[PDB]
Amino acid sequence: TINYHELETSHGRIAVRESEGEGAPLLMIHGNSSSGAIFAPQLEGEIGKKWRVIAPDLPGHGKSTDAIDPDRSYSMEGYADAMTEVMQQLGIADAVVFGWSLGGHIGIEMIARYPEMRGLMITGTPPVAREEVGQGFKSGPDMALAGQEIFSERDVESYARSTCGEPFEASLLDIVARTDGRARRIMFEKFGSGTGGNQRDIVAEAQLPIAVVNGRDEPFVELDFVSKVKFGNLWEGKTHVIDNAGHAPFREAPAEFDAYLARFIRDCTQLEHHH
């Protein structure tokens, strides 16, 4: 059973899905124009059966309302504020965080806001300073849509297919079509302007374990760039790459992805801790 409920937050009404796992909590943060529903394989599978998986919808996304104040909410740092508020309301201070793409950038901005975070895993996310956006991401037509407010029908399909990978289904179009397009435009502009904390410096200086897991056929992220990013505490000492997966290995290759995620959660929550 996945438990669905809604929170009244300062950002708006936020939808939250939780598994019934008895173990340590995992906050999973979805990507641009997606929804926590995308994490069905984890919510409903072995990960969610053991651990308390929490998969909200960002303001403007999924089953959440649009933001009360788009100018406050629709940015990497604004979303980080919102997720921190969600975790406050849920009464959970020590989650492991998994962030997918935009969600990974949000997770990076959460490091300063959510001090008892036990670890952060980022997938589809190159930590970049504002001037490095061109280096960390692959230029292309779908990448261009990340910051585009108005999507045509073909835009919705192209973006959904490229972000979610195989297998595709119609429900994904519904998720992407719902997204408040203002959120795309404002977030991307603010990202390029560096309105939040410099993510390159944040990950270099962060002491908590940071895990990096990507699909080899990533269409958005430059894996060469990612493999050169300095992390304060890179989990297992390297960035990880999964064959036969692209931007969304958690759904494209769930068993292989789950091996990494489960091991990371175990390492961050059930190993003896020494400074």
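One rule holds for the numbers: they count along the sequence shown, beginning at 1.
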The stretch carrying the higher mean Cα B factor in the deposited entry, 165-173 or 193-201, is 165-173
Mean Cα B-factor check, 67-75 vs 152-160, entry values; winner is 152-160
Among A80, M143, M87, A112, the highest C-alpha B-factor in the PDB entry belongs to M143
Max C-alpha B-factor within the set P56, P219, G60, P209 falls on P219
Chain thirds by Cα B factor, record data; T179 belongs to the middle
Of the three thirds of Cα B-factor ranks in this chain, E20 occupies the highest
Quick tally, chain-level thirds of C-alpha B-factors: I29 sits in the lowest
For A129, the third of its chain by CA B-factor is the middle
Of the three thirds of the chain ranked by Cα temperature factor, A245 occupies the highest
